[PDB]
Amino acid sequence: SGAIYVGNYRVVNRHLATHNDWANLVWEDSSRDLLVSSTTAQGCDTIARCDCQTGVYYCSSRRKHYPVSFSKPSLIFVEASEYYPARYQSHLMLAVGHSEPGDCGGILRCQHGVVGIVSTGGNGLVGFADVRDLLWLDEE
Ligand SMILES: [Zn+2]
């Protein structure tokens, strides 16, 4: 589990979005596993605006933050998980590291702020849904 709180936006994995998120929907994309909902309260998270490929992510299943190198956001084939079939996922960054389904929502951060959230796992890789291209999260 986990979310990004930027301005009046809540960013979550689409597969973990609640009824309240859908009832306050701003934007969603299945291919990216992202959904954004509107919030009453101001969030303080800063979204990274950068092309960093090193950062730190939170792994709930190990109660640890791990420094990682990660690929640039790409269209990648993802094997079946407990929450998605085998399919292509877009805007996905991969690192070597641990990721269980419950780790989805863990933040990946670089010196510039929040890069993305854990979205995929398996075969000793962790995949992150990038948010750094969603420049509109910074405004409205
Ligand atoms: Zn950065």
Side-chain angles (χ1 to χ4, degrees):
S1 68
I4 314 169
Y5 296 100
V6 50
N8 288 281
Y9 300 122
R10 162 172 147 95
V11 187
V12 291
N13 300 89
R14 190 181 182 278
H15 71 276
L16 296 180
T18 68
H19 164 85
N20 186 66
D21 286 323
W22 281 100
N24 292 284
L25 181 64
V26 175
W27 170 85
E28 58 81 24
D29 183 320
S30 168
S31 79
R32 295 180 68 148
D33 188 32
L34 289 180
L35 182 146
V36 177
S37 64
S38 59
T39 61
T40 66
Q42 280 299 109
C44 294
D45 293 341
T46 301
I47 308 293
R49 305 297 182 194
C50 71
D51 67 348
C52 289
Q53 282 183 255
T54 62
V56 173
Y57 81 103
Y58 184 55
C59 180
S60 183
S61 67
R62 299 282 181 274
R63 296 296 203 261
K64 286 197 69 166
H65 298 263
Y66 292 105
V68 287
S69 297
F70 53 89
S71 64
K72 287 182 171 177
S74 314
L75 177 61
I76 322 179
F77 185 77
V78 184
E79 290 305 329
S81 65
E82 78 170 37
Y83 50 84
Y84 281 128
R87 61 169 204 160
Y88 281 93
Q89 184 160 326
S90 71
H91 300 268
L92 183 60
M93 293 170 299
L94 291 176
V96 176
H98 186 62
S99 179
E100 323 256 353
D103 292 323
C104 285
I107 279 169
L108 175 65
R109 59 184 87 239
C110 66
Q111 67 190 101
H112 308 105
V114 172
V115 174
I117 51 167
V118 171
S119 172
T120 76
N123 283 117
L125 300 188
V126 47
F128 308 94
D130 184 47
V131 298
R132 293 175 291 184
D133 64 325
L134 305 174
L135 304 181
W136 55 264
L137 287 173
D138 288 343
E139 62 187 22
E140 175 68 75

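Throughout, numbering of the chain's residues begins at 1 and tracks the sequence. Heavy atoms only: backbone and side chains are in, while hydrogens, waters and symmetry mates are out.
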**Prompt:** Does CD in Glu139 sit with more than 12 non-hydrogen atoms of other residues, nucleotides or ligands closer than 6.0 Å?
**Reply:** yes

Answer yes if [X] and [Y] sit in the same cluster of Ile, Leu, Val, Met, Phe, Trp and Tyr residues linked by side chain heavy atoms under 4.5 Å apart, and no otherwise.
{"X": "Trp136", "Y": "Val131", "value": "yes"}
{"X": "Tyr66", "Y": "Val96", "value": "no"}
{"X": "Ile4", "Y": "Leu137", "value": "yes"}
{"X": "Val126", "Y": "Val78", "value": "no"}
{"X": "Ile47", "Y": "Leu92", "value": "no"}

What pairs meet the salt bridge (charged side-chain N to carboxylate O under 4.0 Å, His left out) rule with one or both residues in [range], with sequence neighbours excluded?
{"range": "residues 26-44", "value": "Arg14-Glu28, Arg32-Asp133"}
{"range": "residues 41-50", "value": "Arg49-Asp138"}
{"range": "residues 75-104", "value": "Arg62-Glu100"}

**Message:** Going by the rule ring pair (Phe, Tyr, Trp, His ring centres under 6.0 Å), which residues pair with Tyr83 if we only count those two or more places apart in sequence or in a different chain?
**Reply:** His15

[Y] and [X], any side-chain heavy atoms less than 4.5 Å apart:
{"X": "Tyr84", "Y": "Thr120", "result": "no"}
{"X": "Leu134", "Y": "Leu34", "result": "yes"}
{"X": "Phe77", "Y": "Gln89", "result": "no"}
{"X": "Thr18", "Y": "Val12", "result": "no"}
{"X": "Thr46", "Y": "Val6", "result": "no"}

[X] side chain vs [Y] backbone, donor-acceptor pair below 3.5 Å:
{"X": "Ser74", "Y": "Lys72", "answer": "yes"}
{"X": "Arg132", "Y": "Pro73", "answer": "no"}
{"X": "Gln53", "Y": "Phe70", "answer": "yes"}
{"X": "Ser119", "Y": "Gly127", "answer": "no"}
{"X": "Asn123", "Y": "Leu125", "answer": "no"}

Say you draw a straight line from [atom1] of [X] to [atom2] of [Y]; how long is it, rounded to the nearest 0.5 Å?
{"X": "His65", "Y": "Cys59", "atom1": "NE2", "atom2": "SG", "answer": "10.0 Å"}
{"X": "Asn13", "Y": "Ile117", "atom1": "CG", "atom2": "CD1", "answer": "4.0 Å"}
{"X": "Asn8", "Y": "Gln42", "atom1": "CG", "atom2": "CD", "answer": "4.0 Å"}
{"X": "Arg63", "Y": "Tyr58", "atom1": "CZ", "atom2": "OH", "answer": "5.0 Å"}
{"X": "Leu16", "Y": "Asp21", "atom1": "CG", "atom2": "CG", "answer": "9.5 Å"}
{"X": "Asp130", "Y": "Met93", "atom1": "CG", "atom2": "CE", "answer": "4.0 Å"}

**Item:** Contacts of type salt bridge (charged side-chain N to carboxylate O under 4.0 Å, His left out), residue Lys64, not counting sequence neighbours
**Value:** none

**Item:** Pair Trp27 and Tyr9, ring centroids less than 6.0 Å apart
**Value:** no

Closest heavy-atom contact between [X] and [Y]?
{"X": "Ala48", "Y": "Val115", "result": "CB-CG2, 4.1 Å"}
{"X": "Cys50", "Y": "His112", "result": "CB-ND1, 3.3 Å"}
{"X": "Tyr57", "Y": "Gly97", "result": "OH-C, 3.8 Å"}
{"X": "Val56", "Y": "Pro67", "result": "CG2-CA, 4.0 Å"}

**Prompt:** Pick from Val114, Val118, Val68: which one makes a side-chain contact (heavy atoms from CB on, under 4.5 Å) with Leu108?
**Reply:** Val68

**Request:** Quick one: list whatever passes side-chain contact (heavy atoms from CB on, under 4.5 Å) with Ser38, sequence neighbours left out.
**Result:** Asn24, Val26

